[PDB]
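> this one's a deposited entry, sequence included:
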Amino acid sequence: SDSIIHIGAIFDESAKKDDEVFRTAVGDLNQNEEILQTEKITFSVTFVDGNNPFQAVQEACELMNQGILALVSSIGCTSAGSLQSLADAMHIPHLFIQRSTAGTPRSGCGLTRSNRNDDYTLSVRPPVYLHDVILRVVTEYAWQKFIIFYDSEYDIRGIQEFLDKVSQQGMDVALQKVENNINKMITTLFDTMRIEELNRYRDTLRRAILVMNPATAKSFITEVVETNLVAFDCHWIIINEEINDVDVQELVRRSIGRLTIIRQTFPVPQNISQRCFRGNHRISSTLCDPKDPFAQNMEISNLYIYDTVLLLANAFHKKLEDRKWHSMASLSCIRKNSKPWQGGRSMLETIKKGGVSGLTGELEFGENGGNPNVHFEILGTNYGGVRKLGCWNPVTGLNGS
Amino acid sequence: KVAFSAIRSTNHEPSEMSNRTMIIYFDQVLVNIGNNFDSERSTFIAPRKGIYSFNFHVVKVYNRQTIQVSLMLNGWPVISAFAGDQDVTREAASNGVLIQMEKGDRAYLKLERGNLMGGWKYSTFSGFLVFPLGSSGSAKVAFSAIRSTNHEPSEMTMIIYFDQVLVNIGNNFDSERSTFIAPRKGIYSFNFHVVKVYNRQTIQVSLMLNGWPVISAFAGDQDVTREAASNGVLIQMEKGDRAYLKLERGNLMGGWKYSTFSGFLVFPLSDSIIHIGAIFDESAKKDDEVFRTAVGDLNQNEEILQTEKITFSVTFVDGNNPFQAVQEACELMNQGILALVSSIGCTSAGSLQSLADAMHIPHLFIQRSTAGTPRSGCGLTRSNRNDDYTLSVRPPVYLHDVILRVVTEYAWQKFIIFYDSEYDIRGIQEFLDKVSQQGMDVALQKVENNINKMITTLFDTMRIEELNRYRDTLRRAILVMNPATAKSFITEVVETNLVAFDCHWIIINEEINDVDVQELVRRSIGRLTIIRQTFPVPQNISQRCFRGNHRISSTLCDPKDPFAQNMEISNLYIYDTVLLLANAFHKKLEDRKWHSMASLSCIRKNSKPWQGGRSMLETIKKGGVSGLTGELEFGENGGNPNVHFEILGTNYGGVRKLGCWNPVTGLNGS
Ligand SMILES: [Ca+2]
Ligand SMILES: [Ca+2]
């Protein structure tokens, strides 16, 4: 058929959970009699190879031909720019949820905003503040010498500013990529390196920062511990937006010195019953029950996807309620003659000025089209068990020790 | 009044359907009186009983395979024609005949043998009603005879015999004597096609009018399997005048099967074969100039593409806009191209690479860096299960290997790396790993594009003890930046006494021209080492502007020329890329294995790839040319392996060559 409210979605082939949660969000909203009271949300989803930006563009174009009010994407940077540039050309509001590769910490995409042109892409996840946070924490601990370990997917441009600053303060900072198989890495090491090197190496590991996905960190921590490359006096920091409660418990278990864990956190209500509601809106218990295996295994992008669907629904609702609806249009991509959606500008403005309370806390956009809200918690344990040391956000800064 | 005329107006390859049905298609219809010709099916449906005339000319472009074209009447072949020469530019399968047709009878051309890879531009198919039957007029005279057998001649120097008579309205053609006797005064038309199977002898066939030759035709030259002596004419004949074919020269050993002889009473009394597309960043004006110069140079070269001119289409795009790149690339593919050349940054490379792979268009990618910043790898994901149509024309980025090797030679243990604001530090991630592994003390700093406020800020901001630490650190530095920023940066630090005579700085960038090098040395006051890419170019300044018989515009090869001295590296690669393609097309054409370009459609999940793409890609990929960069060629992984770096130095108190580096032999010299 053909509904009044139609949205498109492009997901990486790895984003099965994004798709499930996207559909759950639509489902939840359709049960909500207070939002879109006489209109059901319909959607079209396409999975693409996120390393294939033409396929992303191709499939996105097909959705626009069907006719959509907005495009939700959950993809890496490789295809983001193609989609962003398409969205701008077609005036289709584009809600972009950045996914990182293999749980590696995020680094900025560097999506070139449109100066003379209007930018139709909204960045749903907050800016990457990893470099700011890690610097602040390192400064608090008065470190002067330490090693930064990063996994094989991480984009070190994410810490270029960090490296500049530590150098400027005269610190001694080593860099090493950690191969995805730790066992052969460390075995190789002992064979390859001689004694005096390993002694130098051991000393260097007394203070380290891990910029990697928790799975690789787990294996890495264990292997160094078991091989006596660290000792009780060591202090390691792990930083990643995405480290779930199960990962945190396991990291602590595996470590034998002091460990500091820095991860993103989401303001979620007290009284476990009200966790699954936002006002009159009921959220599927599978997403909000933190005893649920799904909930404990959700990727961060999954939470943002829920709030994105939530945000759009409220945007459409307000537009409908105000009796200022502009219909979707069937667009054509590869036609240098083809025109943009005449409804796009007003829809974009409405979505852009929208705000909802969801699983991530507050989702909204600033004047620059990006979500400003983000919070980091800082966990610790000296061994001999984990507790909250402090919190960080980009406006108030560090709180606690 | 019934007549039709159709031509092939494009060089484009046959459709999937044409390959399956084998029916030769003609896209442009000049005449269609009565609309009895179905342009979609390329078939003529006879509207009434009568004698009809058909003529066809099927052109075989740079094809090695022999072809057989037959005129079909309701699924049965009437006349056939061959164009199986094995080393010829363009050859035609031509023949004609007069046949009787009933209402609803279907006439069309079928490709009984071979294929039309190279396309069949200029091929023609026309026909008309000579006169109807049943509807009466002594002005109805026509005959048509063919040789249906391979049998040797009957003790033939003599008259060419035709055993099978298809048409004989008026019974004026004596089949036994193969002679036409004009029944009345009028203008008569004659056409003949005599097929002479290579009997190691040339033949001359003449149309005779009362023992006198009117028109003549020749065959039997070359080693072509089946060749025809064809010609036609309109002549006035009187009653009892005799027209026939005589074999004036040679013999017909091997038979003359498929030979035709017909005649009747008239009344009684653009788009080129070689097209490439190009996508350039808006900043790439010099790439465009040099691209066009290369095409120009090749078109003057009589030894390459000797009978074919290269044409092209160029589009400029915002290289930070990958959709526009894809959009404009798609438009080029719709026009129809054999290859896509790009000169663009990494931002749009992946979109173009992925498009190329989808459409099977060979894609020759020339990486451009931003603002002369040193290159870092794009990280273009090669296709594993899929075939990768993108060829990387510039060599791999070896900056990290080279800088490490040089640093190792100087026994540095402590130094600072300076990089400009466009540089992608992933380029040195491996370098940083290794120096850390060897226990070195390495600082990193980005250099803002305005040095003056950077250093001024510094002195204000930093206190004494920091600046002393900072001064010490600058005694050994590496600059990973464009030369313009480096120039300004070197001067400002020198003038502000942040370095001294004992310092040693290294500058590394593929792209640093001779003017830049001289200026850097001038500005520096300690030891300076400059590492840049170099291109093996001949001695004797005269031979610099030639590669064999190929002449290069002096503006590119004269190193006193301002252009030459100002060329970006990408400019050189663009020249060699055009050069390489031309040789690839040449070899493919010469070998008579051409496959035509196709008009493709992008955003159509149904749309198919170019069927010619695989063979073209393989040919280009295995190509190699000598050009401005030295040798351009591709390895098994689809990338250019050739690269050379020179290492220049001066201790102050003037620059000289310290050594050379390449990735196979390694470092040479000190
Ligand atoms: Ca423990
Ligand atoms: Ca000097």
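Looks like it arrived, so ask away. Residues are numbered from 1 along each chain as shown, chains lettered A, B, ... in the order given. Ligands and ions are numbered 1, 2, ... in the order given.
> give me the neighbour count for the residue nearest to residue A:12 when sequence neighbours are not counted.
Counting by Cβ to Cβ, 6 or more residues apart in numbering or on different chains, residue A:12 lies nearest to residue A:50, which is 3.7 Å off, once chain neighbours are set aside. All C-beta spots, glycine's among them, are computed from the backbone N, C-alpha and C. Neighbourhood size, residue A:50 [other Cβ atoms under 10 Å in any protein chain shown]: 24.
> near chain B, which residues of the stretch 251-400 of chain A?
A:333-334, A:336 (Cβ under 8 Å from any Cβ of the partner chain).
> list only those of these flagged as buried.
With burial judged by 16 or more other Cβ atoms under 10 Å in any protein chain shown, the buried subset of those is A:333-334.
> JSON lines for the residues of the stretch 251-400 of chain A next to chain B, including distance to residue A:393?
Shown next, in JSON lines, are these (distance: Cβ to Cβ, whole Å):
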{"residue": "A:333", "distance to residue A:393": "40"}
{"residue": "A:334", "distance to residue A:393": "44"}
{"residue": "A:336", "distance to residue A:393": "46"}
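> can you tell me which of the residues of the stretch 251-400 of chain A next to chain B comes closest to residue A:342?
Nearest to residue A:342 among these: residue A:333, at 16.5 Å, using Cβ to Cβ.
> how about the nearest residue to residue A:249, chain neighbours excluded?
Per Cβ to Cβ, 6+ apart, closest to residue A:249 is residue A:386, 7.5 Å.
> tell me where the stretch 51-200 of chain A has helices.
With DSSP state H, counting those that start in this stretch as the criterion, the stretch 51-200 of chain A has helices at A:53-66, A:77-90, A:130-140, A:160-168, A:182-192, A:195-204.
> ok, the second one near chain B or not?
In this case it means helix A:77-90. Yes: interface with chain B: helix A:77-90 contributes A:78, A:81-82, A:85-86, A:89 (Cβ under 8 Å from any Cβ).
> same check, this time on the first one
Yes: applying Cβ under 8 Å from any Cβ, one finds that helix A:53-66 is in contact with chain B at A:53-55, A:57-59, A:61-62.
> what about residue A:346, which helix or strand?
helix A:344-352 (DSSP states H and E).
> what's the first helix or strand after that helix?
strand A:355-358.
> just the buried residues of that following strand, please?
Buried, per 16+ other Cβ under 10 Å, within strand A:355-358: A:356-358.
> wait, isn't residue A:86 in contact with residue B:323?
Yes: using Cβ atoms under 8 Å, residue A:86 is in contact with residue B:323, at 4.5 Å.
> overlap in contacts of the two?
residue A:57 (Cβ atoms under 8 Å, 6 or more residues apart in numbering or on different chains).
> contacts for stretch A:157-176, please.
Contacts with stretch A:157-176, where a contact means Cβ under 8 Å, 6+ apart, come from A:105-108, A:128, A:130-131, A:134-135, A:138, A:143-150, A:156, A:204, A:211, B:416, B:424-426, B:429, B:432-433, B:436-437, B:441, B:443-446, B:466, B:469.
> and that stretch, how far out from the chain middle?
Distance, stretch centre to chain centre, for stretch A:157-176: 24 Å (Cα atoms, centre = their mean, to the nearest Å).
> give me the neighbour count for the residue nearest to residue A:249.
So residue A:386, with other Cβ under 10 Å, has 14 neighbours.
> quick one: the strands in the stretch 151-300 of chain A?
A:172-178, A:207-211, A:235-239, A:258-264, A:277-278, A:281-282 (DSSP state E, counting those that start in this stretch).
> reformat those strands as TSV; add mean neighbour count.
Output for those, formatted as TSV (neighbours: other Cβ atoms under 10 Å in any protein chain shown):
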stretch	mean neighbour count
strand A:172-178	21
strand A:207-211	24
strand A:235-239	23
strand A:258-264	22
strand A:277-278	15
strand A:281-282	16
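> kindly report the residues of the stretch 101-250 of chain A close to chain B.
Contact residues, the stretch 101-250 of chain A versus chain B (Cβ under 8 Å from any Cβ): A:112, A:147, A:155-157, A:160, A:163-164, A:167-168, A:170, A:172, A:174-177, A:197, A:200.
> same thing but at 6 Å, please
A:112, A:156-157, A:160, A:163-164, A:167, A:170, A:174-177, A:200 (Cβ under 6 Å from any Cβ of the partner chain).
> farthest-separated two in those?
A:112 and A:200 (43.1 Å).
> thinking again about what came up before, ok so the residue nearest to residue A:12 is a helix residue?
No: counting by DSSP: H, G, I helix; E, B strand; the rest coil, residue A:50 is not part of a helix but coil.
> next, give phi and psi for it.
phi -70, psi -10 (degrees, to the nearest 10).
> go ahead and confirm it touches residue A:80.
No: look at residue A:50 against residue A:80 with Cβ atoms under 6 Å: they stay out of range, at 9.0 Å.
> ok, back up a step: which of the residues of the stretch 251-400 of chain A next to chain B fall within helices?
Judged by DSSP state H, helices contain none of these.
> among the residues of the stretch 251-400 of chain A next to chain B, which are in strands?
With DSSP state E as the criterion, strands contain none of these.
> thinking again about what came up before, who wins for most neighbours among the residues of helix A:77-90 next to chain B?
residue A:85 (30 neighbours).
> check contacts around that residue.
When contacts are counted by Cβ atoms under 6 Å, 6 or more residues apart in numbering or on different chains, residue A:85 touches B:321-323.
> repeat that for residue A:355.
Contacts for residue A:355 (Cβ under 6 Å, 6+ apart) come out as residue A:364.
> could you rerun that using 10 Å?
A:311, A:314-315, A:362-365, A:373 (Cβ atoms under 10 Å, 6 or more residues apart in numbering or on different chains).
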